[PDB]
Structure formats: C-alpha cells, structure tokens
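Report on the following structure.
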Protein chains: 2
Amino acid sequence: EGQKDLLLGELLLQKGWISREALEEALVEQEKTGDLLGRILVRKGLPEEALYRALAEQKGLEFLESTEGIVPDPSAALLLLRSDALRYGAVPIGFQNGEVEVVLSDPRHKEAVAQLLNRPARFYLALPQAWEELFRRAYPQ
Amino acid sequence: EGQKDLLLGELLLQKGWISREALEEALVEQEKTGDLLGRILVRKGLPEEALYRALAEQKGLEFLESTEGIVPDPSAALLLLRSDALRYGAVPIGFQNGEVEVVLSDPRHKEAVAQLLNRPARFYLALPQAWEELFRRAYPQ
Ligand SMILES: Nc1nc2c(ncn2[C@@H]2O[C@@H]3COP(=O)(O)O[C@H]4[C@@H](O)[C@H](n5cnc6c(=O)[nH]c(N)nc65)O[C@@H]4COP(=O)(O)O[C@H]3[C@H]2O)c(=O)[nH]1
Ligand SMILES: Nc1nc2c(ncn2[C@@H]2O[C@@H]3COP(=O)(O)O[C@H]4[C@@H](O)[C@H](n5cnc6c(=O)[nH]c(N)nc65)O[C@@H]4COP(=O)(O)O[C@H]3[C@H]2O)c(=O)[nH]1
C-alpha cells in the first residue's frame, strides 16, 4: 500500500504513461496556469481512465470501469440526502460486510465523505459520465 | 483515417507513450529474437493498455475499457460457432444499424474475422481478461 505515499506525477512515471520531460513540462505549465496536473496530462495525451486508476491507487479507492450493472440499494441511498450526494459527489449503492459501498466522482473528496458518513465504508471511483448515470439511478427525480 | 498507415512504434511515439530510446532498444532486441514488438515493449514497461489503445487506432477498432456492461445478444452469438469465436478470438455481441458488433481479443485477426463474417461489422478491442469474461458470458460451455 506504498502507492498512497506517491505524488500523481510519480505514479504515472512509474507506470510509464508519461516521460520525465513531459511531467516537468506539465508542472512548469501548472506553475503559470493553476490547473490540476491530471487535467494537463490528459490534454497532452494521457487517457482519462489511466488518470483515474492512478488517483484511485493514490487514495485507496477501487476504480470502476463501468457502472452499468449496479442496481442501487434504496436502503443505502437513505444514508445521504440527495443534495449531499450531489454536493460531495458520492453515491451510496449498497452494503458489503457491514460497510456501505460509496461511489465517488472525485478522489479528493474521499476524506470529507468518510468523516461525514461516520461508519465503515468502501469507496469506489467512477469517471464523470458513469458517475452521473449511477447518481440519477440512485437518486431519481 | 491516416492512423491506419502508421507502424506501432510510430503511433506510440506520436502519442507520447514511448521514448525513442526505448523503441530503438526493443527493435534491436527483436532483430535478435523475433518476438512481437508490443510484447517486448510491455515487458520493458509500456502499459498493456497503451499497447492496445495504439493497436486499436492502427486497425480502426474501438478500444473497450471494460466488457462488464455488455449484455451479449444470443442471436448475434449464433453468427459464429463457439469453436470459431474462440479460435479467432471474436465475440459477436449485438447489432447496430445493420452491422454486427464484434469484440476482438487481437487486432491482427480483424481481417480474418471480417472475411469470414462476410457482412457489415463494427469491431471492438478488449484486453485479455475483459475479453475472456465476455466470451464466457456469450458462449457458456
Ligand atoms: N479529480 C482530479 N484530482 C487530481 C487531478 N490531479 C491531481 N489530483 C489530485 O489533486 C491533488 C492536487 O493536485 P495538483 O493541484 O496538480 O498539485 C500537485 C501538483 O502541483 C504536484 N505534483 C503532482 N505530482 C508531482 C510529481 O510527480 N513531482 C513533483 N515535483 N510535483 C507533483 O504536487 C501537488 C500535489 O500532488 P498529489 O499528491 O498527487 O495531489 C493531487 C492529486 O491527488 C485531476 O486531474 N483530477
Ligand atoms: N496483438 C498484438 N499485435 C502486435 C503486437 N506488436 C505488433 N502487433 C502488430 O503485429 C504486427 C507485426 O508486429 P511485428 O512482428 O513486431 O513487426 C513490426 C515490427 O518488426 C516493426 N515495427 C513496428 N513499429 C516500428 C517502428 O516504429 N519503427 C521501425 N523501424 N519498425 C517498427 O515493423 C513491423 C510491422 O509492424 P506493424 O505495422 O505496426 O504491425 C504489427 C502490429 O500491427 C503485440 O504485442 N500484440
């Protein structure tokens, strides 16, 4: 679990998705634009799925390649108001071994959601459009 | 599209997923061994998904991150015998606009499968694990 102590750029370098010169160029650009590093690398050719798998490794989330098969448990969605699910980007979908399963849209929100839910939870990560489709399934109307 | 005219090394270089030095070493080893180039590159640290994304662009295939969302259509599976689907590494999964949708395990087989099917087809490419999971669902023993 040593990947949780790595910077994003280092994780992608170790995997081989970017070169050291591309990373330095990206950090140089960031110093003047303020954009997130991952957004710059994606614009420069990194697949968004590769970006999210690295961010999932960094924060201890399970990346979901697909949300199409999930049937959200209504009892789990009760654990967050719809307005909170939207604002925190978090969808409770079910339960495993006394933990609530929660699908995040942004790995940076893991800590704020965990503190709020205040109970054992297992966190997943989904790309924006898969997250949005799951959210409407779980929190209709 | 003009991507179909490029060598694999050229495609990886233009996408920024391989260095010129790493490609040259792999091509020199291949002169000595005859191994498939992408096999040498992945062994030297190229992400397998980078290899498959490049090979998909080269053969005009859509790369599939996951097959877990696919519900294989039984009538499409009739278009190949199970033994053929396995030998050719091809799973017919459905139909769209009068084309059969077919998920391949190896882009080098696209031409052999297309001639056999002998009808309009749209081809996809999936990583080995995702392919095998789809095949087992489409063609139970
Ligand atoms: N939803 C989303 N989240 C993203 C994205 N990119 C990064 N995140 C995460 O947001 C945190 C802050 O990203 P940053 O603003 O680019 O701020 C970065 C960045 O300025 C820099 N950095 C990242 N990687 C490297 C590296 O390899 N070497 C060096 N010298 N600095 C790095 O260190 C700071 C902290 O990096 P991290 O620990 O990895 O923490 C990162 C990462 O967890 C994105 O595109 N989308
Ligand atoms: N499923 C799968 N398919 C793979 C893999 N590696 C290559 N393929 C594909 O198989 C064809 C033959 O690969 P090769 O024997 O290594 O034979 C290659 C290789 O010897 C060489 N080559 C590839 N890229 C370059 C390059 O950038 N520069 C130079 N000078 N030669 C290259 O030219 C030949 C033609 O390569 P391509 O037109 O790209 O056609 C390649 C590519 O379509 C793999 O690991 N898995």
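Throughout, protein chains are lettered first and strands after them, A, B, ... in sequence-line order, and every chain is numbered starting at 1. We count ligands from 1, going down the list as the structure has it; atoms in each ligand are counted the same way. Only heavy atoms go into these numbers, but all of them, side chains included; no hydrogens, no water, no symmetry mates.
Judged by distance alone, the side chain of A:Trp17 and the main-chain N or O of B:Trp17 form no donor-acceptor pair under 3.5 Å. When atom types are taken as modelled, the side chain of A:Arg82 and the backbone of A:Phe135 share no donor-acceptor pair closer than 3.5 angstrom.
Under the 4.0 Å criterion applied to side-chain N and carboxylate O atoms, A:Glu99 and A:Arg119 are not assigned as salt-bridge partners. Contact check on A:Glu101 versus A:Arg122 returns no salt bridge, with no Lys/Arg side-chain nitrogen under 4.0 Å from an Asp/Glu carboxylate oxygen. Salt bridge status for B:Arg43 with B:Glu29: present, with a side-chain N to carboxylate O gap under 4.0 Å.
For a threshold of 3.5 Å applied to N or O pairs, the pair formed by B:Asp106 and ligand 2 contains at least one separation below that value. Of the polar atoms of B:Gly38, at least one N or O is found under 3.5 Å from an N or O of ligand 2, judged by distance alone. The N/O atoms of A:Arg39, backbone and side chain alike, include one that comes under 3.5 Å of an N/O atom in ligand 1. Between A:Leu8 and ligand 1, a contact under 3.5 Å exists for at least one N or O pair.
Set against the non-hydrogen atoms of B:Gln30, the atoms of ligand 2 under 4.0 Å away are 14 (P), 15 (O), 16 (O), 19 (C), 20 (O). When each atom of ligand 2 is checked for a heavy atom of B:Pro107 under 4.0 Å away, the hits are 1 (N). Below 4.0 Å from some heavy atom of B:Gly9 lie the following atoms of ligand 2, by number and element: 24 (N), 25 (C), 26 (C), 27 (O). Of all atoms in ligand 2, listed by their number and element, those nearer than 4.0 Å to a heavy atom of B:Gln58 are 37 (P), 38 (O), 39 (O), 42 (C), 43 (O). Ligand-side atoms of ligand 2 in range of B:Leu23: 27 (O), range being under 4.0 angstrom from any heavy atom. In the vicinity of B:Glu10, heavy-atom distances shorter than 4.0 Å reach the ligand 2 atoms 27 (O).
Here the straight-line distance linking atom CG of B:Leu127 with atom CZ of B:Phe63 works out to 4.0 Å at 0.5 Å rounding. Here A:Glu62 contributes atom CD and A:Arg53 contributes atom CZ; the two are 12.5 Å apart, rounded to the nearest 0.5 Å. Note that the CG atom of B:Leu79 and the CG atom of B:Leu116 stand 10.0 Å from one another [nearest 0.5 Å]. Atoms CD1 and OG1, from B:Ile93 and B:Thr67 in turn, are 9.0 Å apart once rounded to the nearest 0.5 Å.
Using a 4.0 Å cutoff on heavy atoms, A:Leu51 counts as a contact of ligand 1. Taking 4.0 Å as the cut-off, B:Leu13 does not count as a neighbour of ligand 2 on heavy-atom distance.
Neither the backbone nor the side chain of B:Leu41 comes within 4.0 Å of ligand 2, counting heavy atoms alone.
Of the options A:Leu36, A:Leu27, A:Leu55, the smallest heavy-atom separation from atom 32 (C) of ligand 1 is shown by A:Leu27.
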